[PDB]
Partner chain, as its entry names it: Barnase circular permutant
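Here you get one chain, nothing else, as structure tokens; it is the form solved without its partner chain.
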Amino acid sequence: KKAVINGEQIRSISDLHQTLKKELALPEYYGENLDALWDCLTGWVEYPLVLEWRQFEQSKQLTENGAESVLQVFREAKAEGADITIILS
């Protein structure tokens, strides 16, 4: 239901997926890829879901800007329909 990401520790784009896997309790085989996140967003994850991304800045820069694609996947699920709330603190 509630997920929390602190760009403080996401030193890498793999850090990002390792965190989402636990936070969103994705499946054990989570392939750590936008494709696997989408599918997970479209079938495994249980909504409502409110995601708080603390300090999106760091997590953005310390990842070659690879955090913005992940966020867009979330922003896309919401679009298609998923009940997601995203707090960019």
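Numbering follows the first chain given and starts at 1.
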Practice task
Look over 27-35 and 56-64 in the entry and identify the one with the greater average Cα temperature factor.
Solution key: 56-64
Practice task
Taking the mean of the C-alpha B-factors per stretch from the entry, tell me the winner out of 1-9 and 80-88.
Solution key: 1-9
Exercise for the section: Would you mind checking where the Cα B-factor of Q72 ranks among the modelled residues of its chain, as the lowest, middle or highest third? Expected result: lowest
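Unshown form deposited with its partner chain bound; subsequent notes refer to it.
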Exercise for the section: Answer yes if any heavy atom of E23 is within 4.5 Å of a heavy atom of its partner chain in the deposited complex; otherwise answer no. Expected result: no
Practice task
Find out whether any non-hydrogen atom of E76 is located within 4.5 angstroms of its partner chain in the deposited complex, and reply yes or no.
Solution key: yes
Handout entry: is_contact(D35, its partner chain) in the deposited complex, heavy atom dist at most 4.5 Å
Key = yes
Exercise for the section: Although its partner chain is absent from this view, report whether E46 comes within 4.5 Å of it in the deposited complex, heavy atoms only. Expected result: yes
